[PDB]
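Comments concern the structure below.
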2 protein chains.
Amino acid sequence: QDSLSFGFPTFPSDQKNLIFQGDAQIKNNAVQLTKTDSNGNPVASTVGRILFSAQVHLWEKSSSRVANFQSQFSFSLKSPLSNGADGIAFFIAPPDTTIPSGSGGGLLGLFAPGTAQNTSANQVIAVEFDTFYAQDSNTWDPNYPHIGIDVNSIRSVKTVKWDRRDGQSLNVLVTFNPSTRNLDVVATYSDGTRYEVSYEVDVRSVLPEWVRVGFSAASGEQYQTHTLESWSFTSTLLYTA
Amino acid sequence: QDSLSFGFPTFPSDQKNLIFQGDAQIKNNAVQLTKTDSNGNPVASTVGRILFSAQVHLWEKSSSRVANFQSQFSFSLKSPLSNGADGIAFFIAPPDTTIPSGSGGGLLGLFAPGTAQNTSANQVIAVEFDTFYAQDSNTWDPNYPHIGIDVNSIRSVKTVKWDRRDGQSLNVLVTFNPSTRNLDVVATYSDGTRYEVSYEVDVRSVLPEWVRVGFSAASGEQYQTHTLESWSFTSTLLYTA
Ligand SMILES: CO[C@H]1O[C@H](CO[C@H]2O[C@H](CO)[C@@H](O)[C@H](O)[C@@H]2O)[C@@H](O)[C@H](O)[C@@H]1O
Ligand SMILES: CO[C@H]1O[C@H](CO[C@H]2O[C@H](CO)[C@@H](O)[C@H](O)[C@@H]2O)[C@@H](O)[C@H](O)[C@@H]1O
Ligand SMILES: [Ca+2]
Ligand SMILES: [Ca+2]
Ligand SMILES: [Mn+2]
Ligand SMILES: [Mn+2]
């Protein structure tokens with residue numbers, strides 16, 4: 001299809017079009033990307049991801065069209081600690097994508113250790129909400145919590161300082177305009193605190209014509225829950241001139 | 001998801017989200033539901049169907065909601081014969097639906113001979129465009145080409161007279177309003193000729209909560225091409241009170 005859109009105001013346990021990978025599962029009408037114990041407390045060493053089953057037609061070579069898309073979602077992070085880790089990310093990748101071996105912790109379940117910073121070895125665009133930046137294990141991160149745009153590497157091409165608020169929902173809007181090639185991210189807390197980061201990228205040179213979209217999250221030594229509360233997505237192939 | 005929509009202004013051969021059953025296949029940017037030879041001519045004894053891969057959430061028992069949906073599409077039928085057969089239908093059925101054994105010809109690839117008219121043995125709602133009504137074989141049909149609403153039986157709960165026009169595209173809009181439980185069908189030819197038919201049905205007593213939507217067509221002794229040219233669909237769960 002040239003256009004596709006779906007919306008999950010909440011996430012009832014009875015799902016049919018979501019691909020669950022790793023420890024991701026439904027709990028309390030929300031998607032818990034990372035594992036939690038019987039009491040709902042976050043645990044260490046856990047990775048989880050979800051992808052919508054239907055493939056998205058991001059661009060079409062024959063017609064020279066590229067899709068304009070928008071993804072709106074909200075999530076919250078909670079942890080008994082204060083150095084919750086590692087983060088959640090919205091991502092776009094080939095349809096057959098699976099959790100790379102050894103991609104836990106700071107690799108957010110998106111990259112393999114050996115090629116995490118090798119742009120020519122990956123095919124993925126992601127918007128990460130990174131809460132752990134210890135320079136001994138996350139050498140690629142700026143020294144502070146941040147939102148970043150990742151293009152084929154765990155080392156963001158662009159970032160903005162962000163504030164982690166335990167238990168508060170962050171509302172996010174990610175937009176890609178094929179006319180300007182601008183991938184825009186706007187995140188806001190209920191009180192109006194706003195964060196913005198943008199970057200110009202030609203999706204055609206990074207991803208194949210058909211892709212899948214979803215979310216990934218991980219916790220290594222440090223942990224926190226990565227709760228996806230709602231999500232809507234829409235994409236429309238448009239002629240770019 | 002509570003809401004889902006997709007649009008196929010045309011059908012390029014590079015498809016990822018359609019389930020092809022029987023002889024259905026893409027040719028010349030359109031879906032040929034029934035088999036055609038090398039020259040693109042229709043042949044006898046053929047059945048074919050397509051279904052969008054993502055499941056649609058039709059109704060939800062726990063929340064007492066029912067989907068409001070709309071399906072817009074266009075097709076054309078063509079045949080060198082005086083009596084092209086057998087017809088095409090838009091349908092809704094359980095997610096694991098497949099072509100029943102012996103459902104060719106007048107059964108449109110939707111029902112098995114043994115239970116074609118047994119409403120308690122089927123789970124399907126279809127809008128048929130029936131061009132073959134020979135009273136000796138299709139005994140259940142009115143004696144003329146017609147548009148029919150089928151609820152668990154090849155014997156339409158309602159039909160209206162319709163004219164078959166060789167090679168002309170018919171545009172159809174099928175709507176279901178959960179508030180009134182009215183399933184409306186509006187079909188038009190390019191010259192303005194219009195056909196309307198409506199029926200009240202509680203979808204909750206006929207179909208499971210999750211379903212797949214698609215098209216089906218068949219040709220028995222007589223034949224014709226059944227070409228699906230475009231299709232857009234949208235559905236949204238709504239509180240019914
Ligand atoms: C906690 O520091 C010790 O372990 C470090 C390994 O860090 C893991 O946990 C991080 C946060 O969950 C995660 O970002 C990283 O990928 C690892 O999974 C190590 O680097 C320190 O030197 C120290 O031993
Ligand atoms: C060709 O006529 C002979 O067979 C007929 C069987 O009818 C088949 O074809 C019809 C039109 O394609 C279709 O509606 C039906 O389901 C069968 O597939 C029969 O009716 C005639 O009396 C004759 O024997
Ligand atoms: Ca990090
Ligand atoms: Ca018939
Ligand atoms: Mn980072
Ligand atoms: Mn009929």
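Atoms within each ligand, like the ligands themselves, are counted from 1 in listed order. For the numbers below, each heavy atom of this structure counts, side chains included, while hydrogens, waters and symmetry mates do not. Residue numbering restarts at 1 for every chain, and letters A, B, ... go by the order of the sequence lines.
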Side chain proximity check, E128(B) to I154(B), heavy atoms < 4.5 angstrom: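 The answer is yes, as the side chains (C-beta and beyond) meet within the 4.5 Å cut-off.
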
Scan for ring pair (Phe, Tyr, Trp, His ring centres under 6.0 Å) pairs involving residues 106-131 of chain A, sequence neighbours excluded, and state none if there are none.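 Listed by first then second residue: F75(A)-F129(A), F129(A)-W162(A).
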
[X] side chain to [Y] main-chain N or O, any donor-acceptor pair under 3.5 Å?
| X | Y | answer |
| --- | --- | --- |
| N28(B) | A30(B) | no |
| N138(A) | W140(A) | no |
| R165(B) | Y189(B) | no |
| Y223(B) | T34(B) | no |
| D191(B) | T193(B) | yes |

Between [Y] and [X], do the side chains contain a donor N or O and an acceptor N or O under 3.5 Å apart?
| X | Y | result |
| --- | --- | --- |
| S190(B) | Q168(B) | no |
| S219(A) | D86(A) | no |
| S74(A) | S230(A) | yes |

Verify whether the ring centers belonging to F52(B) and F233(B) lie closer than 6.0 Å.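 No, the ring of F52(B) stays outside the 6.0 Å limit from the ring of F233(B), centre to centre.
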
Which N, O or S atoms belonging to the protein are less than 2.8 Å from the Mn ion (ligand 5)?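 Atoms qualifying: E128(A) OE2, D130(A) OD2, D141(A) OD1, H146(A) NE2.
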
State which residue, out of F91(B), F11(B), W231(B), fulfils the ring-ring contact (aromatic ring centres under 6.0 Å, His included) condition with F215(B).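 Looking at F91(B), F11(B), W231(B), the match for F215(B) under the ring-ring contact (aromatic ring centres under 6.0 Å, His included) is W231(B).
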
Taking only heavy atoms of the protein into account, state which residues are under 4.0 angstrom from an atom of ligand 2, in chain and number order.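 For ligand 2, the residues that come within the 4.0 Å heavy-atom cutoff are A85(B), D86(B), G105(B), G106(B), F132(B), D136(B), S137(B), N138(B), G220(B), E221(B), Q222(B).
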
Provide the protein N, O or S atoms situated under 3.0 Å from the Ca ion (ligand 4); waters are not included.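 Hits for the Ca ion (ligand 4) below 3.0 Å: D130(B) OD1, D130(B) OD2, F132(B) O, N138(B) OD1, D141(B) OD2.
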
Closest non-hydrogen atom pair between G148(A) and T159(A), with its separation: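 Taking every non-hydrogen atom into account, CA-CG2, 4.0 Å.
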
